[PDB]
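> Below is the sequence, then the experimental coordinates.
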Amino acid sequence: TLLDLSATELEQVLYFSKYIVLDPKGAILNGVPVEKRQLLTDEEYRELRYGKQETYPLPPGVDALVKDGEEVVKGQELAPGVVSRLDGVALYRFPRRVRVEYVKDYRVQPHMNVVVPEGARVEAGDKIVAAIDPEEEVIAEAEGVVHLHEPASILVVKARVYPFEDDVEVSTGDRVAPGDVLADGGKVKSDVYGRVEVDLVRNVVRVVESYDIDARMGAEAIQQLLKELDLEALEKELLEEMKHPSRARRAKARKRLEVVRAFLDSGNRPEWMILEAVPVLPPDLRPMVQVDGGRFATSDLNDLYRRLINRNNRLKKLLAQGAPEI
Amino acid sequence: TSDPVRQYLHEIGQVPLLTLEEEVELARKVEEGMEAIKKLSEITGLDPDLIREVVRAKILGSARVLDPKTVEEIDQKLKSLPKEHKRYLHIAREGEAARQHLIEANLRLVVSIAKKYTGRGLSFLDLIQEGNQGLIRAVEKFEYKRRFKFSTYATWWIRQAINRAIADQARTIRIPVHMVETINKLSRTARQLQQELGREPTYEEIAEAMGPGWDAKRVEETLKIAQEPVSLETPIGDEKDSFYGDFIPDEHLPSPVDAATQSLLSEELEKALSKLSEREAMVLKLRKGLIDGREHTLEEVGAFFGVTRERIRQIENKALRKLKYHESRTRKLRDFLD
DNA sequence: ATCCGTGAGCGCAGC
DNA sequence: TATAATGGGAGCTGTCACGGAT
């Protein structure tokens, strides 16, 4: 009632089903700009926070109509059977055929990996492909031009390309904004808000549409929100709507105002409705005494309190260590 | 949504399953990044954990709740390294990210593992949290050089974590896992007897079936330790109008009869000291510990009265005897002895 | 209109 | 410490009237 949130919306935030954004950080979803106190589903929060990266599977045996570094659009096909249902940059994934033309075809295997970019000039002795066994490692027989084909799949990421030749000043993971210098001492700058992923292989600083949106979940969001609320102000707004012709408008405004006035007259802060320190009842009032039979008997409160502690310290460790949000 | 199970299922059900090529790439990238952390730690001279966390911190963001200016300050040093040195920083960032992906994706196995560890005193979800916890350590140690698919080496930490948790969070009274294990084999060997004997094992049968150093006494003893407390709120009668704690007394707290008798005893005992001089009584007060609860030795009492222990000891005897005479005319204090 | 949550006698005994 | 192992498991059924929010 105070935050003008529905009970469903509350549940969603507390039980982690939808994010509530506290600062939009220049977020545009479906064209419409994002606002504070806005409920985002998981899929949406991802697009805005991380990006749009879809890999289309290529049936092993067919080559690629697209090449590494190229860009594709919706209505355009990666291979005869596979098309891209989106626009953006497309990257080869697990090319099965490396054919360096020595100014020769080499087979790729699951564990094998490549360390050279497509169209790279090579000489005898350099490193082109690696593997678990160096006895099975591929080397550079002579001067030749690198070429990779037959990728397992194509990741069509909606991102932008920022090639560089000098050292980068951005490490993968960082977020960027239009004009943000990325590398080459000012020469390489950003063209859009996004997330950077320096590709040392292709010496390319990629940026994927993404902002530092603050869309939190749980009581932490509700607690901050409650703390941000100014009781005096909300009273005013509700009073002005208490002057609205509609009967229901004035009714709801009165009820909200009753809660606000309660907090104002009492002096209690709405944030106290969120709990960070839980009390524990004196153990005598919830004991585990020994019966005449010699056995002990405990109150259900004890098993409830312990259940919380088990979950709390589990979370503290997991958080302190750091691990997937999921 | 109402069913948190289905919620985790959909949350991790959007994460695609990694193909051997994808798995090998990611797991490999993870390993490379961790070793890159080593090299970057050495070059920086910083604590390897700190730099691992500043890399991760950036990967996760300030969104995660070492003030953030620190991780920036470090990141400034990390980025003030030359091009070659920043290379390993970049790779380590990529590895921390691949770590996250590999975990997020290799979780459906954790479900398919914990579903058989249920009914052991912990719920599906509690167990899962434990299996995921161990999984992160397993991913941190998994090597693609072995060439065994992640499932193979992962299950070990997934089963160990849940099984350890069941032995750590299922008893109101914390009991060591090794003890739990003994108890488990006690029931295992017992049931074997029960099904073979066609009847019902005893302390002495299982004891011998268990092996050496195993007697009937030990069986019953172990069962006594295994005894679990019961709920005081347990229902009494078919009418749920009564509970266990209702029919359980208080033995600790002063019962009006007990407190009354103590008030009477101390009164009469004093009335007996009124039958002595304050020196005699005081001596007894300190010696017996009535003066201030603490009983004071004869040497201390002789330090108070400035008297040789022998004289203090003898007057204490004289005082006790005088009390005995007065008692031989009263015997009022004997009643309190009861 | 519908759905959710709220109450629905007191003892005694209850092995 | 390593064959590989990747969407769960059990449902409670013969009240009802009222005040409230949706």
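Now that the structure is in, tell me what you want to look at. Numbers count the residues shown, from 1 in each chain, chains lettered A, B, ... in the order given.
> what's the spacing between whichever residue of the stretch 151-300 of chain B sits closest to chain A and residue A:298?
Of all residues in the stretch 151-300 of chain B, residue B:229 sits closest to chain A, at 4.3 Å by CB to the nearest CB. To be clear about C-beta, it is placed using only N, CA and C from the backbone, and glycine gets the same treatment. Remark: distance between residue B:229 and residue A:298 (CB to CB, to the nearest Å) = 5 Å.
> contacting residues for the nearest residue to residue B:134 once chain neighbours are set aside?
Closest residue in space to residue B:134, ignoring its immediate chain neighbours: residue B:161 at 3.0 Å, by CB to CB, 6 or more residues apart in numbering or on different chains. Under the criterion of CB atoms under 8 Å, 6 or more residues apart in numbering or on different chains, the neighbours of residue B:161 are B:130-131, B:133-135.
> and residue A:64, what does it touch?
By CB under 8 Å, 6+ apart, the contact set of residue A:64 is A:58, A:78-79, A:92, A:149-151, A:154.
> quick one: which of those sit in helices?
Among the contacts of residue A:64, none falls in helices (DSSP state H).
> From the residues you listed, which land in strands?
Among the contacts of residue A:64, the members falling in strands (DSSP state E) are A:92, A:149-151, A:154.
> ok, of those, which one's closest to residue B:156?
Set against residue B:156, the nearest of the ones in strands among the contacts of residue A:64 by CB to CB is residue A:151 (33.9 Å).
> now that closest one, which residues is it bridged with?
Assessed by DSSP bridges, residue A:151 has beta-bridge partners residue A:95.
> for the one 4 residues further on, same thing?
When bridges are called by DSSP bridges, residue A:155 pairs up with residue A:55, residue A:91.
> Stretch B:12-23: which residues count as buried?
For stretch B:12-23, a neighbour-count test (16 or more other CB atoms under 10 Å in any protein chain shown) marks B:12, B:15, B:18, B:21-23 as buried.
> Over to stretch B:325-335?
Residues of stretch B:325-335 classed as buried: B:326, B:332-333 (neighbour count, 16+ other CB under 10 Å).
> can you list contacts of that stretch?
Contact with stretch B:325-335 is made by B:265, B:268-269, B:271-272, B:275, as judged by CB under 8 Å, 6+ apart.
> Among the residues you listed, name the ones in strands.
Among these, none falls in strands (DSSP E).
> any idea which helix or strand comes after the helix or strand containing the residue nearest to residue B:134?
Residue B:161 is part of helix B:150-168, with elements assigned from DSSP states H and E. Next helix or strand after helix B:150-168 toward the C-terminus (DSSP H and E): helix B:177-197.
> Show me what the helix or strand that that following helix is followed by is packed up against.
Sequence order places helix B:203-210 as the next helix or strand after helix B:177-197, per DSSP H and E. On a contact count with 3 or more CB pairs under 8 Å, 6 or more residues apart in numbering or on different chains; DSSP states H and E, helix B:203-210 meets helix B:177-197, helix B:216-226.
> Ok, which of those helices comes nearest DNA strand C?
Among these, helix B:216-226 comes nearest to DNA strand C, with 24.3 Å by CB to the nearest atom of the strand.
> Go through the closest one and flag the buried ones.
Within helix B:216-226, the residues that count as buried by 16+ other CB under 10 Å are B:218-219, B:226.
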